[PDB]
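**Student:** My questions will all concern the structure given below.
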There are 2 protein chains.
Amino acid sequence: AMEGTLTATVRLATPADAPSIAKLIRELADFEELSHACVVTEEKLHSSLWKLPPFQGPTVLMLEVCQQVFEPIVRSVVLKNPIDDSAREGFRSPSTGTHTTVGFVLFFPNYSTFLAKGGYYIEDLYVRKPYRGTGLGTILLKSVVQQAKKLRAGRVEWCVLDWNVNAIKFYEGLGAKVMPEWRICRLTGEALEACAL
Amino acid sequence: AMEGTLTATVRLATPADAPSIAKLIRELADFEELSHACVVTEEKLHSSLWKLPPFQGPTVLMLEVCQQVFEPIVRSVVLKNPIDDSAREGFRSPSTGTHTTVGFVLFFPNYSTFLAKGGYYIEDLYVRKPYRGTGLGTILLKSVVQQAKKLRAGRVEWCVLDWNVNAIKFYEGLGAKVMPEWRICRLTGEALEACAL
Ligand SMILES: CC(=O)SCCNC(=O)CCNC(=O)[C@H](O)C(C)(C)COP(=O)(O)OP(=O)(O)OC[C@H]1O[C@@H](n2cnc3c(N)ncnc32)[C@H](O)[C@@H]1OP(=O)(O)O
Ligand SMILES: CC(=O)SCCNC(=O)CCNC(=O)[C@H](O)C(C)(C)COP(=O)(O)OP(=O)(O)OC[C@H]1O[C@@H](n2cnc3c(N)ncnc32)[C@H](O)[C@@H]1OP(=O)(O)O
């Protein structure tokens, strides 16, 4: 239904975006088949995000489309194939009514001990199913990398499930290196509460 | 030379710890045999650390020993073996002249979108050779975990080398889980410089 060219906008999320973000987090949990592990609510986003200045704590960028600290990034995209979005009314942008929310990225600063320099870690990057494969995920990730470089970051890092070959190829298509020697350790739930001096 | 019991103190690093932190980071890089990729200087530490409130950005806790917000953790430690430290004079603590700096831990907040809660990520944790194998590294790790639970962190995370099976065993014994499917991706150097919109 959406044909030709679209105008993509990447912009800083505000508290008004909390419901769209909760919806996109839920969709992302389904994609990773971890919907049971996802307990996100809008109140939890209000309690944990927008506490610190952007790029100084957990920060979210929204990706929205329409047709024709961080300033919004606006780029035109020629659609690879027409877009059939049967959920556009549920993703209407709260900022500009005539935009459709199709994605988000959540990231926060990290630190390299050997560089003695801060960087950025991308925790989540998601684009709604009808909008994948036409350059939108690239714009969104490139927007974070762009601001990170403006803030003199040494590295930009993120994780990847080794079976998400679609994301692997996408990430390596941007010059990133998938490191094979590192494993994440997580202490949480009962074990975290039981861990004591 | 050092026998019986020592008093171990874990405290927040201040900018006065930068010379010891840089020495300890060089020792850590030397241990992991990545000293050429290690460009840490005290000036870099002064430019990247102690800029945000502790536990709100990259934070270092110092571990020191003697023989008799974050409040210091002071614990008595029974020495499993006599300790001979010839680097003692080079690691005299600023906080107290009679204390010896034996280690450090660097960590920063992270964020879980599935929990919609901030957590903590431990980037590096090091203890000097003469003081290993007597419980000090465990006190350092549990000191970060204890503060993370007090700040109601959802998770506490770190990375491990996949071949370091002894570390996987110890972390598993603590209740931590080594995730099998996650890989770290890194965008740095010329690829980071070329990544543009
Ligand atoms: C921990 C995490 O969050 S991992 C993040 C990944 N998330 C997921 O896997 C969830 C579901 N997937 C998605 O949301 C998305 O598909 C993403 C985020 C992986 C990528 O977003 P997309 O919009 O699909 O990517 P985009 O279209 O920009 O680029 C992907 C491919 O298109 C190519 N491409 C780049 N620019 C364009 C363009 N203008 N037009 C068409 N294709 C393009 C890239 O070279 C890349 O090629 P490859 O995958 O064949 O190697
Ligand atoms: C959490 C992290 O990021 S640790 C990863 C970096 N660790 C390194 O390998 C750097 C060099 N090693 C060291 O500085 C230390 O030996 C540390 C930091 C691993 C802690 O060791 P200790 O002070 O000896 O631990 P402690 O005496 O409390 O525990 C007994 C044993 O438990 C294990 N253990 C304790 N803490 C750790 C840890 N953080 N990682 C892996 N194994 C550990 C070790 O096998 C240790 O014996 P070791 O000193 O002979 O290696």
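Letters for chains follow the order of the structure tokens (A, B, ...), residue numbers begin at 1 for each chain, and ligand numbers begin at 1 in the order shown.
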With a distance cut-off of 7 Å and only C-alpha atoms, select the neighbouring residues of residue A:100, excluding the residue or stretch itself and same-chain residues fewer than 6 positions from it, and output the selection as a list in words.
**Tutor:** residues 64, 65, 66, 88, 91, 92 and 93 of chain A
**Student:** May I have the selected residues written with N, CA and C atoms, as a PDB file, in the first residue's frame?
**Tutor:**
```pdb
ATOM      1  N   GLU A  64      10.286   6.871  12.905  1.00  0.00           N
ATOM      2  CA  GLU A  64       8.943   7.049  12.376  1.00  0.00           C
ATOM      3  C   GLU A  64       8.988   7.418  10.914  1.00  0.00           C
ATOM      4  N   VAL A  65       7.975   7.043  10.138  1.00  0.00           N
ATOM      5  CA  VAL A  65       7.961   7.340   8.701  1.00  0.00           C
ATOM      6  C   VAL A  65       6.681   8.080   8.286  1.00  0.00           C
ATOM      7  N   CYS A  66       6.721   8.722   7.133  1.00  0.00           N
ATOM      8  CA  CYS A  66       5.596   9.350   6.468  1.00  0.00           C
ATOM      9  C   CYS A  66       5.949   9.395   4.981  1.00  0.00           C
ATOM     10  N   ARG A  88      -0.838   0.377  11.238  1.00  0.00           N
ATOM     11  CA  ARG A  88      -0.460   1.789  11.280  1.00  0.00           C
ATOM     12  C   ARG A  88      -1.289   2.640  12.247  1.00  0.00           C
ATOM     13  N   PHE A  91       0.087   2.451  15.678  1.00  0.00           N
ATOM     14  CA  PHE A  91       1.407   3.029  15.823  1.00  0.00           C
ATOM     15  C   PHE A  91       1.474   4.485  15.360  1.00  0.00           C
ATOM     16  N   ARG A  92       0.361   5.219  15.430  1.00  0.00           N
ATOM     17  CA  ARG A  92       0.331   6.630  15.043  1.00  0.00           C
ATOM     18  C   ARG A  92       1.261   7.418  15.980  1.00  0.00           C
ATOM     19  N   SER A  93       2.139   8.274  15.436  1.00  0.00           N
ATOM     20  CA  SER A  93       3.089   9.004  16.282  1.00  0.00           C
ATOM     21  C   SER A  93       2.424  10.038  17.184  1.00  0.00           C
TER      22      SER A  93
END
```
**Student:** Show me which residues sit within 10 Å of ligand 2 when counting only C-alpha atoms and all ligand atoms, and put them as a PyMOL selection string.
**Tutor:** (chain A and resi 185) or (chain B and resi 24+27-32+79-80+102-107+121-142+144+157-161+164-171+173-174)
**Student:** Those same residues - C-alpha atoms - I'd like them written as a compact mmCIF listing (two decimals), in the first residue's frame.
**Tutor:**
```txt
# COMPACT_ATOMS: atom_id res chain seq x y z
CA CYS A 185 27.38 -13.91 32.50
CA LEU B 24 46.48 -1.83 37.96
CA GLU B 27 49.03 -5.05 35.12
CA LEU B 28 45.61 -6.40 33.98
CA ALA B 29 46.44 -5.79 30.28
CA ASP B 30 49.86 -7.47 30.93
CA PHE B 31 48.04 -10.48 32.45
CA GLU B 32 45.66 -10.79 29.47
CA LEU B 79 45.20 -15.60 54.93
CA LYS B 80 45.16 -18.94 53.16
CA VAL B 102 45.73 -4.71 45.96
CA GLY B 103 42.92 -4.33 43.39
CA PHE B 104 40.07 -2.60 41.62
CA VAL B 105 36.70 -3.17 39.95
CA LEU B 106 35.21 -0.97 37.22
CA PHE B 107 31.48 -1.11 36.55
CA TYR B 121 27.72 -4.40 34.19
CA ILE B 122 31.16 -5.23 35.62
CA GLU B 123 33.76 -4.35 32.99
CA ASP B 124 36.99 -5.35 34.82
CA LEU B 125 37.95 -6.82 38.16
CA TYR B 126 41.60 -7.30 39.08
CA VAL B 127 43.65 -8.38 42.14
CA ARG B 128 47.46 -8.29 42.27
CA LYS B 129 49.31 -11.65 42.10
CA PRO B 130 50.62 -11.73 45.73
CA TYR B 131 47.00 -11.41 47.05
CA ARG B 132 45.12 -13.93 44.92
CA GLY B 133 43.70 -17.19 46.23
CA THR B 134 42.65 -15.90 49.66
CA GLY B 135 39.11 -14.52 49.04
CA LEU B 136 39.81 -10.88 48.14
CA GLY B 137 38.54 -11.01 44.52
CA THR B 138 35.28 -12.59 45.77
CA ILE B 139 34.85 -9.72 48.30
CA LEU B 140 35.40 -7.19 45.51
CA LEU B 141 32.74 -8.84 43.24
CA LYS B 142 30.23 -9.36 46.05
CA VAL B 144 29.56 -4.50 43.70
CA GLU B 157 26.38 -8.83 34.33
CA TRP B 158 29.93 -9.28 33.04
CA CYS B 159 31.77 -11.12 30.27
CA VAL B 160 33.92 -14.25 30.36
CA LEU B 161 36.25 -15.81 27.75
CA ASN B 164 38.07 -19.86 30.58
CA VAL B 165 36.13 -22.92 31.91
CA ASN B 166 37.46 -22.33 35.47
CA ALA B 167 35.80 -18.87 35.50
CA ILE B 168 32.55 -20.33 34.00
CA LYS B 169 32.59 -22.92 36.84
CA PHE B 170 33.15 -20.24 39.56
CA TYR B 171 30.47 -17.88 38.11
CA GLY B 173 28.74 -21.68 41.46
CA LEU B 174 27.77 -18.09 42.42
```
**Student:** Present chain B as a PDB file with C-alpha atoms, in the first residue's frame, least-squares fitted onto chain A over all of its C-alpha atoms paired in order.
**Tutor:**
```pdb
ATOM      1  CA  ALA B   1      -0.577   0.413  -0.360  1.00  0.00           C
ATOM      2  CA  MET B   2       2.318   2.807   0.613  1.00  0.00           C
ATOM      3  CA  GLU B   3       4.491   3.323  -2.509  1.00  0.00           C
ATOM      4  CA  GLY B   4       7.415   5.375  -3.911  1.00  0.00           C
ATOM      5  CA  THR B   5       9.282   7.334  -1.257  1.00  0.00           C
ATOM      6  CA  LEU B   6       8.691   7.924   2.423  1.00  0.00           C
ATOM      7  CA  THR B   7      10.310  10.428   4.833  1.00  0.00           C
ATOM      8  CA  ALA B   8      12.006   8.639   7.756  1.00  0.00           C
ATOM      9  CA  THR B   9      12.628  10.478  11.005  1.00  0.00           C
ATOM     10  CA  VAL B  10      14.846   9.326  13.893  1.00  0.00           C
ATOM     11  CA  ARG B  11      14.344  11.396  17.002  1.00  0.00           C
ATOM     12  CA  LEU B  12      14.893  11.138  20.767  1.00  0.00           C
ATOM     13  CA  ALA B  13      12.070   9.461  22.606  1.00  0.00           C
ATOM     14  CA  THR B  14      10.322  11.570  25.252  1.00  0.00           C
ATOM     15  CA  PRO B  15       8.081  10.217  28.086  1.00  0.00           C
ATOM     16  CA  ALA B  16       5.114  10.638  25.630  1.00  0.00           C
ATOM     17  CA  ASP B  17       6.575   7.668  23.585  1.00  0.00           C
ATOM     18  CA  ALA B  18       6.258   5.176  26.469  1.00  0.00           C
ATOM     19  CA  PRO B  19       2.970   3.582  25.095  1.00  0.00           C
ATOM     20  CA  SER B  20       4.550   2.953  21.678  1.00  0.00           C
ATOM     21  CA  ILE B  21       7.884   1.809  23.218  1.00  0.00           C
ATOM     22  CA  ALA B  22       6.045  -0.742  25.432  1.00  0.00           C
ATOM     23  CA  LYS B  23       4.051  -2.017  22.338  1.00  0.00           C
ATOM     24  CA  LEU B  24       7.322  -2.242  20.309  1.00  0.00           C
ATOM     25  CA  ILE B  25       9.110  -4.068  23.180  1.00  0.00           C
ATOM     26  CA  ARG B  26       6.210  -6.588  23.339  1.00  0.00           C
ATOM     27  CA  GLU B  27       6.467  -7.110  19.562  1.00  0.00           C
ATOM     28  CA  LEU B  28      10.270  -7.591  19.896  1.00  0.00           C
ATOM     29  CA  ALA B  29       9.846 -10.140  22.733  1.00  0.00           C
ATOM     30  CA  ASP B  30       7.149 -11.865  20.579  1.00  0.00           C
ATOM     31  CA  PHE B  31       9.624 -12.001  17.659  1.00  0.00           C
ATOM     32  CA  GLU B  32      12.388 -13.522  19.829  1.00  0.00           C
ATOM     33  CA  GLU B  33       9.666 -15.737  21.470  1.00  0.00           C
ATOM     34  CA  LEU B  34      10.513 -14.517  24.975  1.00  0.00           C
ATOM     35  CA  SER B  35       7.135 -12.765  25.702  1.00  0.00           C
ATOM     36  CA  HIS B  36       6.674 -14.582  29.057  1.00  0.00           C
ATOM     37  CA  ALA B  37      10.075 -13.207  30.239  1.00  0.00           C
ATOM     38  CA  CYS B  38       8.875  -9.707  29.093  1.00  0.00           C
ATOM     39  CA  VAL B  39       7.267  -7.691  31.915  1.00  0.00           C
ATOM     40  CA  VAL B  40       7.432  -4.187  30.346  1.00  0.00           C
ATOM     41  CA  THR B  41       4.670  -1.709  31.247  1.00  0.00           C
ATOM     42  CA  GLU B  42       4.434   2.074  30.606  1.00  0.00           C
ATOM     43  CA  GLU B  43       4.807   2.644  34.401  1.00  0.00           C
ATOM     44  CA  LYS B  44       8.112   0.690  34.411  1.00  0.00           C
ATOM     45  CA  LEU B  45       9.315   2.829  31.480  1.00  0.00           C
ATOM     46  CA  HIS B  46       8.298   6.016  33.360  1.00  0.00           C
ATOM     47  CA  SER B  47      10.226   4.759  36.450  1.00  0.00           C
ATOM     48  CA  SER B  48      13.416   3.751  34.574  1.00  0.00           C
ATOM     49  CA  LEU B  49      13.773   6.078  31.551  1.00  0.00           C
ATOM     50  CA  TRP B  50      13.969   9.871  31.034  1.00  0.00           C
ATOM     51  CA  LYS B  51      15.678  10.310  34.429  1.00  0.00           C
ATOM     52  CA  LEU B  52      19.134  11.433  33.163  1.00  0.00           C
ATOM     53  CA  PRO B  53      20.146  13.700  30.196  1.00  0.00           C
ATOM     54  CA  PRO B  54      19.932  11.880  26.843  1.00  0.00           C
ATOM     55  CA  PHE B  55      23.156  10.011  25.847  1.00  0.00           C
ATOM     56  CA  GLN B  56      24.140   9.992  29.611  1.00  0.00           C
ATOM     57  CA  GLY B  57      22.010   6.954  30.601  1.00  0.00           C
ATOM     58  CA  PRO B  58      19.495   4.577  28.946  1.00  0.00           C
ATOM     59  CA  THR B  59      18.265   6.443  25.854  1.00  0.00           C
ATOM     60  CA  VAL B  60      15.681   5.522  23.221  1.00  0.00           C
ATOM     61  CA  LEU B  61      15.502   6.949  19.664  1.00  0.00           C
ATOM     62  CA  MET B  62      12.143   6.540  17.880  1.00  0.00           C
ATOM     63  CA  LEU B  63      11.932   5.773  14.182  1.00  0.00           C
ATOM     64  CA  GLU B  64       8.846   7.076  12.376  1.00  0.00           C
ATOM     65  CA  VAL B  65       7.685   7.439   8.751  1.00  0.00           C
ATOM     66  CA  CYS B  66       5.397   9.776   6.721  1.00  0.00           C
ATOM     67  CA  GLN B  67       4.820  10.866   3.105  1.00  0.00           C
ATOM     68  CA  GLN B  68       5.463  14.554   2.468  1.00  0.00           C
ATOM     69  CA  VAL B  69      21.958  17.135  22.195  1.00  0.00           C
ATOM     70  CA  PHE B  70      20.238  15.156  19.398  1.00  0.00           C
ATOM     71  CA  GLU B  71      18.719  16.912  16.421  1.00  0.00           C
ATOM     72  CA  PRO B  72      16.285  14.693  14.403  1.00  0.00           C
ATOM     73  CA  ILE B  73      17.645  12.798  11.433  1.00  0.00           C
ATOM     74  CA  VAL B  74      15.267  13.163   8.516  1.00  0.00           C
ATOM     75  CA  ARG B  75      15.966  11.107   5.380  1.00  0.00           C
ATOM     76  CA  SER B  76      14.088  10.239   2.217  1.00  0.00           C
ATOM     77  CA  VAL B  77      13.772   6.468   1.664  1.00  0.00           C
ATOM     78  CA  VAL B  78      13.019   4.786  -1.639  1.00  0.00           C
ATOM     79  CA  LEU B  79      10.619   1.888  -0.934  1.00  0.00           C
ATOM     80  CA  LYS B  80      12.049  -1.409  -2.108  1.00  0.00           C
ATOM     81  CA  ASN B  81       8.501  -2.884  -2.003  1.00  0.00           C
ATOM     82  CA  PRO B  82       4.924  -1.537  -1.489  1.00  0.00           C
ATOM     83  CA  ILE B  83       4.062  -1.387   2.237  1.00  0.00           C
ATOM     84  CA  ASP B  84       0.798  -2.561   3.704  1.00  0.00           C
ATOM     85  CA  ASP B  85       0.500  -1.669   7.355  1.00  0.00           C
ATOM     86  CA  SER B  86      -2.768  -2.665   9.067  1.00  0.00           C
ATOM     87  CA  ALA B  87      -1.432  -1.616  12.513  1.00  0.00           C
ATOM     88  CA  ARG B  88      -0.967   2.030  11.258  1.00  0.00           C
ATOM     89  CA  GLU B  89      -3.772   3.502  13.443  1.00  0.00           C
ATOM     90  CA  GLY B  90      -2.322   1.782  16.538  1.00  0.00           C
ATOM     91  CA  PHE B  91       1.123   3.309  15.946  1.00  0.00           C
ATOM     92  CA  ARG B  92       0.211   6.961  15.289  1.00  0.00           C
ATOM     93  CA  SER B  93       3.122   9.115  16.527  1.00  0.00           C
ATOM     94  CA  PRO B  94       2.522  11.649  19.308  1.00  0.00           C
ATOM     95  CA  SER B  95       5.120  14.165  17.920  1.00  0.00           C
ATOM     96  CA  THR B  96       3.111  14.514  14.677  1.00  0.00           C
ATOM     97  CA  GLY B  97      -0.317  12.994  13.978  1.00  0.00           C
ATOM     98  CA  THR B  98       0.619  12.257  10.324  1.00  0.00           C
ATOM     99  CA  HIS B  99       3.649  10.146  11.376  1.00  0.00           C
ATOM    100  CA  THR B 100       3.702   6.378  11.929  1.00  0.00           C
ATOM    101  CA  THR B 101       5.946   4.812  14.541  1.00  0.00           C
ATOM    102  CA  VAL B 102       7.790   1.963  12.901  1.00  0.00           C
ATOM    103  CA  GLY B 103      10.656   1.308  15.346  1.00  0.00           C
ATOM    104  CA  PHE B 104      12.987   2.074  18.219  1.00  0.00           C
ATOM    105  CA  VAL B 105      16.560   1.666  19.458  1.00  0.00           C
ATOM    106  CA  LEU B 106      17.609   1.572  23.112  1.00  0.00           C
ATOM    107  CA  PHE B 107      21.223   2.269  24.039  1.00  0.00           C
ATOM    108  CA  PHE B 108      23.357   3.426  26.996  1.00  0.00           C
ATOM    109  CA  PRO B 109      26.953   4.487  27.656  1.00  0.00           C
ATOM    110  CA  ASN B 110      29.537   1.787  28.344  1.00  0.00           C
ATOM    111  CA  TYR B 111      33.253   2.169  29.201  1.00  0.00           C
ATOM    112  CA  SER B 112      36.478   0.657  27.941  1.00  0.00           C
ATOM    113  CA  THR B 113      39.293   0.641  30.552  1.00  0.00           C
ATOM    114  CA  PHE B 114      41.888  -0.234  27.880  1.00  0.00           C
ATOM    115  CA  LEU B 115      40.961   2.935  25.915  1.00  0.00           C
ATOM    116  CA  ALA B 116      40.039   4.903  29.149  1.00  0.00           C
ATOM    117  CA  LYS B 117      37.067   6.265  27.183  1.00  0.00           C
ATOM    118  CA  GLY B 118      33.315   6.008  27.324  1.00  0.00           C
ATOM    119  CA  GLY B 119      31.537   4.252  24.466  1.00  0.00           C
ATOM    120  CA  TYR B 120      27.995   3.140  23.661  1.00  0.00           C
ATOM    121  CA  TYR B 121      26.180  -0.155  23.863  1.00  0.00           C
ATOM    122  CA  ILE B 122      23.049  -0.812  21.771  1.00  0.00           C
ATOM    123  CA  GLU B 123      20.737  -3.025  23.807  1.00  0.00           C
ATOM    124  CA  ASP B 124      17.794  -3.427  21.364  1.00  0.00           C
ATOM    125  CA  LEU B 125      16.908  -2.269  17.884  1.00  0.00           C
ATOM    126  CA  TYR B 126      13.533  -3.141  16.362  1.00  0.00           C
ATOM    127  CA  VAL B 127      11.539  -2.309  13.193  1.00  0.00           C
ATOM    128  CA  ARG B 128       7.946  -3.450  12.603  1.00  0.00           C
ATOM    129  CA  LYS B 129       7.390  -6.259  10.034  1.00  0.00           C
ATOM    130  CA  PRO B 130       5.655  -4.154   7.303  1.00  0.00           C
ATOM    131  CA  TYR B 131       8.717  -1.787   7.170  1.00  0.00           C
ATOM    132  CA  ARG B 132      11.634  -4.211   7.108  1.00  0.00           C
ATOM    133  CA  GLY B 133      13.852  -4.790   4.096  1.00  0.00           C
ATOM    134  CA  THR B 134      13.880  -1.195   2.835  1.00  0.00           C
ATOM    135  CA  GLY B 135      16.789   0.407   4.772  1.00  0.00           C
ATOM    136  CA  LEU B 136      15.042   1.751   7.890  1.00  0.00           C
ATOM    137  CA  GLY B 137      16.818  -0.484  10.452  1.00  0.00           C
ATOM    138  CA  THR B 138      20.185   0.543   8.967  1.00  0.00           C
ATOM    139  CA  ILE B 139      19.237   4.257   9.349  1.00  0.00           C
ATOM    140  CA  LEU B 140      18.292   3.629  12.983  1.00  0.00           C
ATOM    141  CA  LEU B 141      21.659   1.892  13.757  1.00  0.00           C
ATOM    142  CA  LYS B 142      23.744   4.433  11.841  1.00  0.00           C
ATOM    143  CA  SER B 143      21.817   7.231  13.665  1.00  0.00           C
ATOM    144  CA  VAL B 144      23.076   5.957  17.019  1.00  0.00           C
ATOM    145  CA  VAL B 145      26.627   5.414  15.600  1.00  0.00           C
ATOM    146  CA  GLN B 146      26.694   8.946  14.113  1.00  0.00           C
ATOM    147  CA  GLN B 147      25.797  10.506  17.516  1.00  0.00           C
ATOM    148  CA  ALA B 148      28.306   8.222  19.282  1.00  0.00           C
ATOM    149  CA  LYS B 149      31.144   9.502  16.996  1.00  0.00           C
ATOM    150  CA  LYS B 150      29.994  13.127  17.591  1.00  0.00           C
ATOM    151  CA  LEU B 151      30.312  12.429  21.354  1.00  0.00           C
ATOM    152  CA  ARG B 152      33.820  10.933  20.579  1.00  0.00           C
ATOM    153  CA  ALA B 153      32.908   7.354  21.661  1.00  0.00           C
ATOM    154  CA  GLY B 154      35.821   4.886  21.573  1.00  0.00           C
ATOM    155  CA  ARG B 155      33.589   1.996  20.520  1.00  0.00           C
ATOM    156  CA  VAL B 156      30.007   1.156  19.680  1.00  0.00           C
ATOM    157  CA  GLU B 157      28.906  -2.313  20.803  1.00  0.00           C
ATOM    158  CA  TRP B 158      25.952  -4.714  20.821  1.00  0.00           C
ATOM    159  CA  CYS B 159      25.285  -8.448  21.126  1.00  0.00           C
ATOM    160  CA  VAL B 160      24.335 -11.024  18.508  1.00  0.00           C
ATOM    161  CA  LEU B 161      23.091 -14.626  18.826  1.00  0.00           C
ATOM    162  CA  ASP B 162      25.946 -16.957  17.775  1.00  0.00           C
ATOM    163  CA  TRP B 163      23.682 -18.918  15.381  1.00  0.00           C
ATOM    164  CA  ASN B 164      22.345 -15.707  13.724  1.00  0.00           C
ATOM    165  CA  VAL B 165      24.979 -15.966  10.922  1.00  0.00           C
ATOM    166  CA  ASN B 166      23.009 -13.514   8.714  1.00  0.00           C
ATOM    167  CA  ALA B 167      23.380 -10.819  11.411  1.00  0.00           C
ATOM    168  CA  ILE B 168      27.115 -11.682  11.878  1.00  0.00           C
ATOM    169  CA  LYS B 169      27.530 -11.248   8.083  1.00  0.00           C
ATOM    170  CA  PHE B 170      25.694  -7.848   8.052  1.00  0.00           C
ATOM    171  CA  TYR B 171      27.604  -6.534  11.134  1.00  0.00           C
ATOM    172  CA  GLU B 172      30.918  -7.727   9.603  1.00  0.00           C
ATOM    173  CA  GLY B 173      29.987  -5.879   6.386  1.00  0.00           C
ATOM    174  CA  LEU B 174      29.536  -2.673   8.444  1.00  0.00           C
ATOM    175  CA  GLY B 175      33.127  -3.026   9.721  1.00  0.00           C
ATOM    176  CA  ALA B 176      31.992  -4.351  13.125  1.00  0.00           C
ATOM    177  CA  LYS B 177      33.857  -7.355  14.542  1.00  0.00           C
ATOM    178  CA  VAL B 178      32.096 -10.261  16.277  1.00  0.00           C
ATOM    179  CA  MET B 179      34.436 -11.183  19.152  1.00  0.00           C
ATOM    180  CA  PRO B 180      34.801 -14.969  19.309  1.00  0.00           C
ATOM    181  CA  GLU B 181      36.051 -15.483  22.886  1.00  0.00           C
ATOM    182  CA  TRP B 182      33.618 -13.271  24.885  1.00  0.00           C
ATOM    183  CA  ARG B 183      30.617 -14.644  26.815  1.00  0.00           C
ATOM    184  CA  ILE B 184      27.978 -12.691  28.801  1.00  0.00           C
ATOM    185  CA  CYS B 185      27.504 -13.787  32.438  1.00  0.00           C
ATOM    186  CA  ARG B 186      24.345 -12.878  34.317  1.00  0.00           C
ATOM    187  CA  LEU B 187      23.555 -12.883  38.012  1.00  0.00           C
ATOM    188  CA  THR B 188      19.776 -12.517  38.567  1.00  0.00           C
ATOM    189  CA  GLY B 189      16.774 -13.873  40.507  1.00  0.00           C
ATOM    190  CA  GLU B 190      17.345 -16.030  43.575  1.00  0.00           C
ATOM    191  CA  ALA B 191      21.151 -16.182  42.893  1.00  0.00           C
ATOM    192  CA  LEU B 192      21.325 -12.326  42.894  1.00  0.00           C
ATOM    193  CA  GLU B 193      19.139 -12.241  46.057  1.00  0.00           C
ATOM    194  CA  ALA B 194      21.389 -14.813  47.806  1.00  0.00           C
ATOM    195  CA  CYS B 195      24.670 -13.084  46.762  1.00  0.00           C
ATOM    196  CA  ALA B 196      25.538 -11.276  50.073  1.00  0.00           C
ATOM    197  CA  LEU B 197      28.563 -10.093  52.142  1.00  0.00           C
TER     198      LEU B 197
END
```
**Student:** Report the residues of chain B whose backbone DSSP state falls under strand (DSSP E), written as a ChimeraX atom specification.
**Tutor:** /B:5-12,59-66,73-78,100-112,117-127,155-161,177-178,182-188
**Student:** When DSSP is applied to the backbone of this structure, which of stretch 21-87 of chain B are assigned helix (DSSP H, G or I)? Write them out as number ranges by chain.
**Tutor:** B: 21-31, 35-37, 42-48
**Student:** What would the file look like if the residues just selected were written as a CSV table (one decimal), in the first residue's frame with N, CA and C atoms?
**Tutor:**
```
chain,number,residue,atom,x,y,z
B,21,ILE,N,45.1,3.1,39.8
B,21,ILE,CA,44.1,2.5,38.8
B,21,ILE,C,44.8,2.3,37.4
B,22,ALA,N,45.6,3.3,37.0
B,22,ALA,CA,46.4,3.2,35.7
B,22,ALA,C,47.4,2.0,35.8
B,23,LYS,N,48.2,1.9,37.0
B,23,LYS,CA,49.1,0.9,37.2
B,23,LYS,C,48.4,-0.5,37.2
B,24,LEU,N,47.3,-0.6,37.9
B,24,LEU,CA,46.5,-1.8,38.0
B,24,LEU,C,45.9,-2.2,36.6
B,25,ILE,N,45.5,-1.2,35.8
B,25,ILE,CA,45.0,-1.5,34.4
B,25,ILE,C,46.2,-2.0,33.5
B,26,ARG,N,47.4,-1.5,33.7
B,26,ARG,CA,48.5,-1.9,33.0
B,26,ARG,C,48.9,-3.4,33.3
B,27,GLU,N,48.8,-3.7,34.6
B,27,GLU,CA,49.0,-5.1,35.1
B,27,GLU,C,48.0,-6.0,34.5
B,28,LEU,N,46.7,-5.6,34.5
B,28,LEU,CA,45.6,-6.4,34.0
B,28,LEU,C,45.8,-6.7,32.5
B,29,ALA,N,46.2,-5.6,31.7
B,29,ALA,CA,46.4,-5.8,30.3
B,29,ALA,C,47.6,-6.7,30.1
B,30,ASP,N,48.7,-6.6,30.9
B,30,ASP,CA,49.9,-7.5,30.9
B,30,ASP,C,49.5,-8.9,31.2
B,31,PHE,N,48.5,-9.1,32.1
B,31,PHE,CA,48.0,-10.5,32.5
B,31,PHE,C,47.3,-11.1,31.3
B,35,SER,N,48.8,-5.6,26.4
B,35,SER,CA,49.4,-4.4,26.8
B,35,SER,C,49.6,-3.3,25.7
B,36,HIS,N,49.8,-3.8,24.4
B,36,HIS,CA,49.9,-2.9,23.3
B,36,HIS,C,48.6,-2.2,22.9
B,37,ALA,N,47.5,-3.0,23.1
B,37,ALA,CA,46.1,-2.4,22.9
B,37,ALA,C,45.7,-1.5,24.1
B,42,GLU,N,46.9,8.5,33.4
B,42,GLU,CA,46.2,9.1,34.4
B,42,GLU,C,45.3,10.3,33.9
B,43,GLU,N,45.8,11.0,32.9
B,43,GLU,CA,45.0,12.1,32.2
B,43,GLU,C,43.7,11.6,31.6
B,44,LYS,N,43.8,10.4,30.9
B,44,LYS,CA,42.6,9.8,30.3
B,44,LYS,C,41.6,9.4,31.4
B,45,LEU,N,42.1,8.9,32.5
B,45,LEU,CA,41.2,8.6,33.7
B,45,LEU,C,40.6,9.8,34.2
B,46,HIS,N,41.3,11.0,34.3
B,46,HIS,CA,40.8,12.2,34.8
B,46,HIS,C,39.8,12.8,33.8
B,47,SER,N,39.9,12.5,32.5
B,47,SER,CA,39.0,13.0,31.5
B,47,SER,C,37.7,12.1,31.4
B,48,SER,N,37.8,10.9,31.8
B,48,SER,CA,36.6,10.0,31.6
B,48,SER,C,35.9,9.5,32.8
```
